[PDB]
Each structure stands twice: as C-alpha cells, then as structure tokens.
C-alpha cells in the first residue's frame, strides 16, 4: 500500500545544484519536434525543457494548463467557437523579450496548412480549424476564432517558438524549415537552455537565468547523452555514464538486471504506455486483400497465449487491448476484438471461415478459391522490440494449421515509414495514442492519410470521426467514435494486441522524476528535477 499516485510518484524538495544525465537513443539532426523530420520522442524529450507549452500532458493522461506561461485559457463562446488565452506578464524568452501573441500567431501560421504551405510540418492537429488569431495591444491577450467546432483545442499551441528570432532568418517557411529545424537552439522559453551540442554524443543544457516559472531550475546542468544502441543503456547507467534511461522495449531480463542494481541506488518505474502493439493486414494487395483470409487469421491467433508468453511472466494484470481507437482506460473502450471472435485461438472456426469463402487445403497448403496456392505471407516488424519478434513467431505458429506459411522480415527497412502496398502482408508495430481519440483516429483511418497503412476506406467511418472531433467533451466524442471502432473491427485490417510497458530506470537521488507514460514523457517537468540533499 502506497500513498503515491501516478501524478505524485517520487515527489520531494531537492537541493540546489548538481547535474543529471538522461540517455537518449537518437542523434539530434532536427531540433523542431513539430516538423515531420523532428517528430520523435527523442527530440520531444530534449526540447521540452526549452519550449513553452499552453497545456501539458500529465501522467494520468489529462491536460494541465501551464500556469507558468498562462494566467488563463478559456472557451468563451461556441457561436463561433472562440478561445482566449491570457499570457502571464512575466512570461519572457531567454533574451528578455516577452512571450506574446506574436508567438501564437507564428506557430499557427506554420501549422494551419494555409499561410505557409511549404512548412514541412508533422500534422496540423486542428490548428487549421482556427480561422482568425488576433492579439491585443499588450500582446498578452490572444483570441482564436474557429471556422467550425473542434474538441481538441487544448492540444493546440503545445510547442511555441520565438517569433521575434524566427523573423530574422527569412520568410516563415525558411525560418521554420531551416532556422528552427537545423540550428542548435540558442533560445529558451523554459527552465533550461542549450549550452553546447556534441553531434552524436551529448546535449548540454544549463539553467535559463530568465526562467519565469514557479519552480526551479535546480540543476547546474541537464545533459542528454546519445546512446543509439538501446541495449547498452542499462550498462551506461550501471557504470555512472548516465543517471536516467527510458528504454523502449522492456523485457523480463531487463527488469531482473535493473532489480539487481538496487545496491547502486538504482530504482525503476514501469506503467502501461500510450503505445500499443498491433498487427496490421494488407487489405490493399496480396492475399490479405480478401476479408475472409483476414478474419480467419485473426480468429486463429490466440491473444491469451500471445500475452501469456510475452507479458504475463513479468507484468501483473496486464490488460488486453481489444479496441483500435481507445486504450483500456479511456472512455468508450470495449473489447470489440473479442466480440468478433478475433484473438480467440479458434482454429476450427478459422478453418470454417476459409472453407465458406471457397478456400481448400491440399497437401498441407492452403489454396485460394481459384485453386492457386496462397503465397507465403510476408510478416514484417521493426527492430528494437523483442516482444514484437516473439509475437511474430507465435503468430506464425497459430496460423500454420490453416495451411499458411510466413516469412519473418525485419531490420531498418521493416519500419512503418517504409511500408508499401507492395512489400508486406502482415505487419507488427505500435501506434501512439493521443489524449483525444478522435484526433488520432483522423490521422490513421481516413482514406488518403499517410498512417492508413492497412487500407481502411469507408466514408461512414470518416463521417463518424469528423462528428466525434466536433464534440464538446471527450465523453461525448467517445460515444460517437465508438461506432467507427465497431466498423473498423468489422473490416479486420488492424488487430490490437496490448500496451507496451514503459521503463524509467534511474538513480533514486533524483527527485520529482517520474514516468509520464505518453508521448510527452518524463521530461514534462524538468523545472522540478533535482538531487536530494545529503
């Protein structure tokens, strides 16, 4: 029995001074997390200490208004939808220039798909629904007027950049695509600022002397040590080369090794991630273009065994995920996977599905209805995730009694970004869930969207997602979106499995360091990090 909640784990009041080194698994070649080329957890983690945010995702997966930056953020009308931000008078950039509506307006123009068509952004996330964005004479009152209703307005302006500096480095596209992306940032609107960068080796941050927030900074230096071999991170922690690691693919062996390092003052936190494993099926081309084969495969897979073999030996009460739009703890979640018989390990039912669609078995091999042998299936998965490798082997075994063979494919070319309608039949990977399921769903289930890898193509799903994204609460949104989850599971192109475990492994002298098991991650509150007093 503990008195810590997910939001208060490892709370304390640190001393002043010292340093913390946090391992990251990518070199920094793009400093702009909102750009397509900078959109990953490493850039997000390294720049969270310097980028101000309107709202921040908390460990309980809620959005918290940043009261260091903002006095208030209010939905003041719905006819038309209007949001008013009041920026704190004391909020300033590291050169002393006030943070103002100039910074909101610049970011909106880079993200809204209209004012800067050449900006190489990741995604608009609804910034394009803001039609006008105006500020008062003081620069501290910002009014956003929307062209249509939008649920996820608190996810907007989560990363702000210094407009007055960007303005000195070309037009909007040039400053966003070059200055803010390619250059090591000399500026900050957060508790820390970059002092030096050794490419491929080390980012060194120091306190921002003009930090305006309530807490911190406590450290003389905050360092991010680049260790691209994720399997060497626990050794670096053991050896004192870093003080914190956050590896992506935890295993039983990793947990057991970390537990054996308690004599060095190492502890760890692990929680269900916003990242969730799935198997996608190529509905656009190849054998999986037949929905009957997709449903037979999903019915034959034994999800209980999948989890029993790869999670249950070292993770207690680990939840199945039976939705492709909601995590198990989100409003609207239900086991829509099992309701359809997917994941039940029911080989005889799967064989019936195939027989009833015209498939036949000959000499141990499945024949398609025309009489041609079904090809060996290409099952790809990215490197660096031992659980995915193990599950790929297990799935091969589950479908072998159907007369299907598989070729397992991995390595650097087997990532999601490199998927093509021509190069896979089955793909094991993960998606990163967002605070607003309807916003995430619009990025992955719509016909002409990059992350629709498996070929959903249903105007009704798209209509439902649009209505859900226009709702006035997450709960209403979830009630609407549930219908799209049902239809998506009917199509059998995306099979949810279970959430990845996080693993924050660290020297316990560091206080106010806690897991934040979502895309924003543990560096959401570096202003509070410090070392306990001896």
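Numbering follows the first chain given and starts at 1.
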query: Comparing 454-462 with 73-81, the one whose average Cα B-factor in the PDB entry is higher; finding: 73-81
query: Of 252-260 and 225-233, the stretch whose C-alpha atoms average the higher B-factor in the entry; finding: 225-233
query: Highest-ranked of 432, 135, 415, 269 once sorted by CA temperature factor in the record; finding: 135
query: 384, 152, 343, 213, ranked by C-alpha B-factor: the highest one; finding: 384
query: For residue 68, the third of its chain into which the C-alpha B factor falls; finding: middle
query: Third of the chain, ranked by Cα B-factor, where residue 164 sits; finding: highest
query: B-factor third for the C-alpha atom of residue 441 within its chain; finding: lowest
query: B-factor third for the C-alpha atom of residue 328 within its chain; finding: lowest
query: Ranked against its chain, the third holding the CA B-factor of residue 103; finding: middle
